[PDB]
Amino acid sequence: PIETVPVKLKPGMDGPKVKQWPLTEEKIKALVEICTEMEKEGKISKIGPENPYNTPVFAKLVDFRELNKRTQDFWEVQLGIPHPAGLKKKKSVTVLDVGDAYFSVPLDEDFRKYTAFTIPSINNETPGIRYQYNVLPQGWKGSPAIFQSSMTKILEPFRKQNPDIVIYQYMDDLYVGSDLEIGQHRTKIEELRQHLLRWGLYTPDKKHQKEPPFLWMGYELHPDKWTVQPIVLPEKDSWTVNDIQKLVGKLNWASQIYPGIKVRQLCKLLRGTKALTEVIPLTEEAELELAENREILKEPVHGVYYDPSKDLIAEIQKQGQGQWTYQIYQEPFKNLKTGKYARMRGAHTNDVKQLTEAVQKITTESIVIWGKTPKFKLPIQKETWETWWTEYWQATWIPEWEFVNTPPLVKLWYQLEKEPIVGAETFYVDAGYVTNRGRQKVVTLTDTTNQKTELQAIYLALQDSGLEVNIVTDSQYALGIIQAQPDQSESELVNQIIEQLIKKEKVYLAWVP
Amino acid sequence: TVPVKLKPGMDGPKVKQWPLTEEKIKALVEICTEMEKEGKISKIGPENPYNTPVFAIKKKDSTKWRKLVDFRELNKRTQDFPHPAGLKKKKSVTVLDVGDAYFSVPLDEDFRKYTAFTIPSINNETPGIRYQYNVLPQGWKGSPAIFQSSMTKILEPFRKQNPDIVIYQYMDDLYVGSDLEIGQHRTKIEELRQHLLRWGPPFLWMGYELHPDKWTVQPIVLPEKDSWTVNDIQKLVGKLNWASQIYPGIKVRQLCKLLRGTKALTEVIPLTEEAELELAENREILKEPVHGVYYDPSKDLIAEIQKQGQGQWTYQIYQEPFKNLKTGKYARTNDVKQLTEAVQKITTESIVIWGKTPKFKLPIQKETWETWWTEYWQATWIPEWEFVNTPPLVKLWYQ
Ligand SMILES: Cc1ccnc2c1NC(=O)c1cccnc1N2C1CC1
């Protein structure tokens, strides 16, 4: 039949010795009919009360919590799953369901002892039937793995005699596609159900098998196109904090295919909310957004599948301050997948840093769906990039990319002078300043942190100065912040400074102990 | 087979496998499929819960892929089992990859499960091939030790028939030193190659010689300049101050004095006599590594790098802050490529000098690093590493 996977209990641990709950003569009756049907099929077998282990049964459910707590760990039933975009179209695709899947496979002979349970007697000093499993008990720790594992082992053969047939194994289901004519396709599928039958693995026949599209893990899978199972936007007039959370949630999921989905305004609605059932009224911008999404959703878009023969193009756009959108395709607008990126790494950044980070995310994502990186189309020119890169303290790398003139283009809104500016006033800051020209202002700040006091000073200087300044400061903090040439900030003060900076012609910042 | 065990109470590794590019994957498939046929490795079942990350790297001016197994975690949990201070003085050293030697020695059957590794599939469309080693694996700290004996033997002839040569082995590498002429060297090297074939072969680093005899410390430097502006001086004092924490003999008193008043940055300042002499001394003080720093073998060897620019980097190897065992420079491509090349370079030096690898501090983002390093990596070992945010002031204070 199939090999047997050697199991073991965790070290220094004995099998489960737990008392069977008192049953019912009505429930005892059913268990015995079930356990007898089963022993005639070999799945189980009466044991000699030589066995001191026991696992609770009820009505047929067997509670293996305890055994599981004592059973060795197995290799992950792998939680990584395919993304529809990484698929190559097939003409026909058949979903093969598996019944008794688990019961179909044996169990390490030396382990069965541990799977013991007892069917109580009806009369006091009469029986009290004892058994053990010879197969894979559902609810058991190792079943899913041994199964998958074993399953895998079986298809391998068939798989090599049919390199045209593609098979994905997912829990008790089994997706099988091919580029064969419906007929030869339907043929192999039986060739398969057979191969699986030689190991007594029941799969339903074509009459009952499920038909396409295939609604898998929130997707709608055909053999030539893909989408996420369509979504309905509520038309409520009263919105609960929870309602919004759920909506936002759903909205996201869309983004991997539906281009243009925004949630900034809906998200804003959560600020300060005090209970999952609190009702928040919609804002003008919020409903505008909701409607725009609703609209975008009305029209169903479907994603195309992967054609390894062709290149992968990734194209990125700035959709807002801090928002980026992208799409990856092989043929123009012939999307495989789309997506957004709002991740802000650091309290302050610039589009260059952000765009670059956006590229990494994408890159990573591709090596995973396609095992290769795409050729990028970006709204920034090499000169701008290089400039930044070249002068940033962190090592960075962007693959093959083509500048694409799609506004808004990303640029550096300002650059600090690399050397003091000749004949430009010199401000010395420590909340107040002093210039070489005699000017000064010692201002007042309340509720200000140490770090935030420093930045205030600099702001002053920037304020009162002309289009060219030299600014000396002892704050390594501030220096750092500004030297990173951010253009957006979580902090308001910064943003104000940033505004100054951009206005200037030439600015020089220096540090002193 | 010799019994090997994990350190008391420790279990085997269960590290996730970083996703790989189809290219790298097929290379590994091709490779592993033949390692199986040769019974070096064996497919394993679900009852094995362990795992280690594998990667495919390329051989230099060679057309084959090398399989690299990140046995870092494992090596840390494997039971514990010297070093020629003469090597670092040798004029020439060549590094060889004696990795394939290990494959003739079987691995204790009960340790095997710990070497489990996995070959991923693209987009998780297939479970993923799983294996464990049957023979000593390249990269495992146990393999050299376990092979030590068999090594000394086949090496005792050349060691006495050519004791002008120093030979050091670190993991899969053999560091062969000498003072001969670069032509005599390359020859004696080639011979050892067949002398190893007799008793059975690659060189790492482009069939090239490290010239450790030519490794020096990058002293801290000061701008020598015609006229000195206020800015110039401010930078000067700042640099000095930092540097004063290392060399306490440094005084800035006079320099700081040319700075009284709130003068324009660009205003030139002719320096006084006292100032000039104070600089002279400080300049003299920095002419050499600080006295007192010694290599503690019981401590971690740390290595920080800084990006300077134009393809230039600065590193410093130490055990205790400010107390540098070595400082260097590296100059060229792209940032990453360069970075990796520096790491490998800096590691090789650490091995040669102290026979140990450093713990790097890197100026890059993990995701980016995880993504590209394997592309330019060629070494057979893998240093440890963490990711940091270099301070603009430190980059300033070097090169
Ligand atoms: C859920 C799933 C996971 C992985 N691959 C597939 C599927 N299901 C499909 O419907 C599918 C669609 C298009 C191409 N391959 C597909 N299949 C491949 C097996 C024929």
# chains A, B, ... in the order shown; residues from 1 in each chain; ligands from 1
>>> closest_atom_pairs(of="chain A", to="ligand 1", cutoff="7 Å", atoms="only C-alpha atoms and all ligand atoms", output="tab-separated table")
residue	atom	partner	partner_atom_place_in_ligand_line	distance
A:82	CA	ligand 1	3 (C)	5.9
A:87	CA	ligand 1	14 (C)	5.1
A:88	CA	ligand 1	14 (C)	5.1
A:89	CA	ligand 1	14 (C)	4.5
A:90	CA	ligand 1	14 (C)	5.2
A:93	CA	ligand 1	20 (C)	5.6
A:166	CA	ligand 1	20 (C)	5.0
A:167	CA	ligand 1	19 (C)	4.4
A:168	CA	ligand 1	19 (C)	4.7
A:175	CA	ligand 1	19 (C)	4.5
A:176	CA	ligand 1	20 (C)	4.3
A:177	CA	ligand 1	20 (C)	3.6
A:178	CA	ligand 1	20 (C)	6.6
A:214	CA	ligand 1	10 (O)	5.6
A:216	CA	ligand 1	1 (C)	6.0
A:221	CA	ligand 1	10 (O)	4.8
A:222	CA	ligand 1	12 (C)	5.3
A:223	CA	ligand 1	13 (C)	3.8
A:224	CA	ligand 1	13 (C)	6.0
>>> residues_around(residues="segment 388-403 of chain A", least_positions_apart="3", cutoff="9 Å", atoms="only C-alpha atoms", output="PyMOL selection string")
(chain A and resi 352-353+356+359-360+363+373-385+412+484) or (chain B and resi 306-311+334-337+339+362-365+368-369+372+388-392+395)
>>> select_by_dssp(residues="segment 194-315 of chain B", states="strand (DSSP E)", output="number ranges by chain")
B: 209-210, 302-309, 312-315
>>> write_last_selection(atoms="N, CA, C and O atoms", output="PDB file, in the first residue's frame")
ATOM      1  N   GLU B 209      46.176  35.326  -4.725  1.00  0.00           N
ATOM      2  CA  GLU B 209      46.918  35.433  -3.491  1.00  0.00           C
ATOM      3  C   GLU B 209      46.541  36.624  -2.662  1.00  0.00           C
ATOM      4  O   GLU B 209      46.423  37.737  -3.158  1.00  0.00           O
ATOM      5  N   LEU B 210      46.336  36.382  -1.383  1.00  0.00           N
ATOM      6  CA  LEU B 210      46.067  37.476  -0.501  1.00  0.00           C
ATOM      7  C   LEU B 210      47.491  37.890  -0.256  1.00  0.00           C
ATOM      8  O   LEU B 210      48.400  37.066  -0.319  1.00  0.00           O
ATOM      9  N   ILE B 302      33.751  41.798  16.139  1.00  0.00           N
ATOM     10  CA  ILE B 302      32.734  42.590  15.436  1.00  0.00           C
ATOM     11  C   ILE B 302      33.295  43.412  14.277  1.00  0.00           C
ATOM     12  O   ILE B 302      34.419  43.926  14.356  1.00  0.00           O
ATOM     13  N   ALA B 303      32.492  43.535  13.213  1.00  0.00           N
ATOM     14  CA  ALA B 303      32.870  44.292  12.016  1.00  0.00           C
ATOM     15  C   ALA B 303      31.743  45.212  11.494  1.00  0.00           C
ATOM     16  O   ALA B 303      30.697  44.725  11.042  1.00  0.00           O
ATOM     17  N   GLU B 304      31.975  46.533  11.569  1.00  0.00           N
ATOM     18  CA  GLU B 304      31.033  47.560  11.092  1.00  0.00           C
ATOM     19  C   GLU B 304      31.509  48.149   9.790  1.00  0.00           C
ATOM     20  O   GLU B 304      32.711  48.376   9.586  1.00  0.00           O
ATOM     21  N   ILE B 305      30.568  48.449   8.917  1.00  0.00           N
ATOM     22  CA  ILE B 305      30.976  49.063   7.681  1.00  0.00           C
ATOM     23  C   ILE B 305      30.213  50.362   7.532  1.00  0.00           C
ATOM     24  O   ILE B 305      29.133  50.536   8.112  1.00  0.00           O
ATOM     25  N   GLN B 306      30.811  51.291   6.792  1.00  0.00           N
ATOM     26  CA  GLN B 306      30.184  52.573   6.509  1.00  0.00           C
ATOM     27  C   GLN B 306      30.325  52.848   5.004  1.00  0.00           C
ATOM     28  O   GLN B 306      31.340  52.499   4.370  1.00  0.00           O
ATOM     29  N   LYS B 307      29.283  53.437   4.425  1.00  0.00           N
ATOM     30  CA  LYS B 307      29.327  53.775   3.012  1.00  0.00           C
ATOM     31  C   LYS B 307      29.853  55.209   2.957  1.00  0.00           C
ATOM     32  O   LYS B 307      29.341  56.113   3.643  1.00  0.00           O
ATOM     33  N   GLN B 308      30.911  55.400   2.179  1.00  0.00           N
ATOM     34  CA  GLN B 308      31.518  56.711   2.038  1.00  0.00           C
ATOM     35  C   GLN B 308      30.964  57.343   0.773  1.00  0.00           C
ATOM     36  O   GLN B 308      30.509  58.488   0.786  1.00  0.00           O
ATOM     37  N   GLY B 309      30.999  56.567  -0.311  1.00  0.00           N
ATOM     38  CA  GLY B 309      30.502  57.028  -1.594  1.00  0.00           C
ATOM     39  C   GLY B 309      31.471  56.713  -2.720  1.00  0.00           C
ATOM     40  O   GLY B 309      32.552  56.172  -2.485  1.00  0.00           O
ATOM     41  N   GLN B 312      33.260  53.734  -2.380  1.00  0.00           N
ATOM     42  CA  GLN B 312      34.223  53.633  -1.287  1.00  0.00           C
ATOM     43  C   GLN B 312      33.580  53.344   0.069  1.00  0.00           C
ATOM     44  O   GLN B 312      32.568  53.950   0.444  1.00  0.00           O
ATOM     45  N   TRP B 313      34.196  52.423   0.806  1.00  0.00           N
ATOM     46  CA  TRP B 313      33.686  52.026   2.106  1.00  0.00           C
ATOM     47  C   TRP B 313      34.748  51.970   3.171  1.00  0.00           C
ATOM     48  O   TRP B 313      35.937  51.846   2.884  1.00  0.00           O
ATOM     49  N   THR B 314      34.296  52.035   4.411  1.00  0.00           N
ATOM     50  CA  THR B 314      35.203  51.990   5.530  1.00  0.00           C
ATOM     51  C   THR B 314      34.705  51.020   6.567  1.00  0.00           C
ATOM     52  O   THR B 314      33.534  51.023   6.943  1.00  0.00           O
ATOM     53  N   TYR B 315      35.612  50.183   7.032  1.00  0.00           N
ATOM     54  CA  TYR B 315      35.246  49.215   8.026  1.00  0.00           C
ATOM     55  C   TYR B 315      36.186  49.279   9.187  1.00  0.00           C
ATOM     56  O   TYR B 315      37.273  49.839   9.087  1.00  0.00           O
TER      57      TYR B 315
END
>>> closest_atom_pairs(of="chain B", to="chain A", cutoff="6 Å", atoms="only C-alpha atoms", output="Markdown table")
| residue | atom | partner | partner_atom | distance |
| --- | --- | --- | --- | --- |
| B:21 | CA | A:371 | CA | 4.1 |
| B:22 | CA | A:371 | CA | 4.6 |
| B:46 | CA | A:75 | CA | 5.0 |
| B:47 | CA | A:74 | CA | 5.2 |
| B:48 | CA | A:75 | CA | 5.9 |
| B:49 | CA | A:75 | CA | 4.1 |
| B:122 | CA | A:371 | CA | 5.7 |
| B:123 | CA | A:369 | CA | 4.5 |
| B:124 | CA | A:82 | CA | 5.3 |
| B:125 | CA | A:82 | CA | 5.9 |
| B:262 | CA | A:436 | CA | 5.2 |
| B:263 | CA | A:436 | CA | 5.2 |
| B:264 | CA | A:426 | CA | 5.6 |
| B:266 | CA | A:422 | CA | 5.9 |
| B:307 | CA | A:393 | CA | 5.7 |
| B:335 | CA | A:395 | CA | 5.4 |
| B:363 | CA | A:394 | CA | 4.9 |
| B:364 | CA | A:395 | CA | 5.0 |
>>> residues_around(residues="residue 52 of chain B", least_positions_apart="2", cutoff="7 Å", atoms="only C-alpha atoms", output="ChimeraX atom specification")
/B:13-15,17,54,70-71,116-117
